[PDB]
Every structure is written in structure tokens, then in C-alpha cells.
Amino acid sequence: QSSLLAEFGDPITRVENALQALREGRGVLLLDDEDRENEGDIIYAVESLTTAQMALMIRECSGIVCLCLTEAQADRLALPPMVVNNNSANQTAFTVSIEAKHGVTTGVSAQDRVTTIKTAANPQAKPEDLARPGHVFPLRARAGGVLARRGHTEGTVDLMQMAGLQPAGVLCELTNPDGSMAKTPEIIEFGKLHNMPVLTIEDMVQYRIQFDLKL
């Protein structure tokens, strides 16, 4: 995999290019550990999220689009874990699903999802702004980010913080047309086609440690 990602640059470059894409309002592709999910997620910053970016995720990914939030923001929204005794294989920190209370119809159109996501990520948001259940799936990122938990959830929020953006992002798993999940060759090819930088959680952990970067 190492050599596959070489063309995107050394790990530090890979991280710096992803941060700059995010600052520019573009998306990135994040791979977790080969020994974990070995999946690539499209990641976008909520701040600059557009309907066309949401539509791309829905067309090209699993369609189960997740909103990665700080613990603080999730608590502000009064979003408890979806299940108390999470026995999923990674303990993915799904809250109950959400829908904007206002400004949406059925909730599932690209525009409606963006409306819900922006409503939820608003630092001035209140619980009553969101109906439950709905068609956006919030995830609670662990305090400490990828240095505490090597999930895409933490990678997403960490990327936003490292980039100086509002600490909220969306993710969704890149899927091949035939329904199988994209593996690294397909992710790199998709990244070239859509001018999206590629990086790994390992890249982020290396980077954060070496630049004594608490967030």
C-alpha cells in the first residue's frame, strides 16, 4: 500500500495536501488501517458542504452518510448513543439518527441531508432543531482524535481541526459499482479522477505525534 500511495507523496505531504484541499472546500479520501476496515471514506468539511458534494457521496458511496461531531457538539444536540451496549465490531459511536426539524421534506435528498447536517453542526444549535429519527447519522469522535482512537470518525474531526475549520465533517465509504467496497487501488484511481488527495490514519497519527499536535 506504501508504494501505491507514494505517488501522493510522503506521509507528511499526504497530510498537508489533504488539509489544504479541505481549506479550499474540496474533499479528501481517508483510509484506515489495512488490519481494520481497510476502507476509504470520502470526507468533506461541513463548513463548505454543498448539495453537489452530497450528491457525489450518495452516488459513489454507501449512501449511509455520517456527520462526525465533537463530543461537545453531540452533547449540545442531546444525542445519546443509538444503543447503550454497542456490540458492533469497532464500537462505531452512532447516535440516534437525525433530521432537520425545519427546511426539509422527506430528508433524503442531497439538499435535505445538507440542510440537516448544517443545522446539526451549527455551534448555536439546540436539540429541538433536530427531529429523531432521520436520514443523517451522527458519530461521536473520541477526545484525543486519532491519537486515542484510529477510526475515520476521529480522522474526520481531526482533519477539520488541523485545517483550522469548524470541527465537523461528513464521511461515507467509497463503493464500487458492483457493490463491493473500494480497496486502495480503486480509491487512488477515484482520487485522481476527482482531484481528491488520499491519506491514511497512520499518516495522521505520525503527523500529529511528530508535530506535538494536541487539538
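Take the two forms, find the largest set of C-alpha atoms that superpose within 1.5 Å, and that set is the rigid core. In this text, residue numbers run from 1 along the sequence as written.
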After a core fit, does 29 to 37 or 143 to 151 show the bigger CA gap to the shown form in 6 other deposited structures of this protein?
29 to 37
On a core superposition, give the stretch, 118 to 126 or 95 to 103, with the larger average C-alpha separation from this form in 6 other deposited structures of this protein (RMS over structures and residues).
95 to 103
Establish whether the other compared PDB entries of this protein leave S109 unmodelled at least a third of the time.
no
Unresolved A89 in a third or more of other entries flanked by modelled residues
yes
For the higher mean C-alpha B factor in the entry, choose 32 to 40 or 163 to 171.
32 to 40
Is the mean CA B factor in the deposited entry higher across 60 to 68 or across 185 to 193?
185 to 193
Highest CA temperature factor in the entry: which of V114, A78, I98, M82?
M82
Entry-reported C-alpha B-factor of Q124 relative to its chain, by third, is highest
Would the CA B-factor of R142 place it in the lowest, middle or highest third of its chain?
highest
Report the third (lowest, middle or highest) to which the CA temperature factor of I201 belongs, ranking only the modelled residues of the same chain.
lowest
Based on the entry's values, in what third of the chain does the Cα temperature factor of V108 lie: lowest, middle or highest?
lowest
Looking at the entry's B-factor column for C-alpha atoms only, identify whether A93 ranks in the lowest, middle or highest third of its chain.
highest
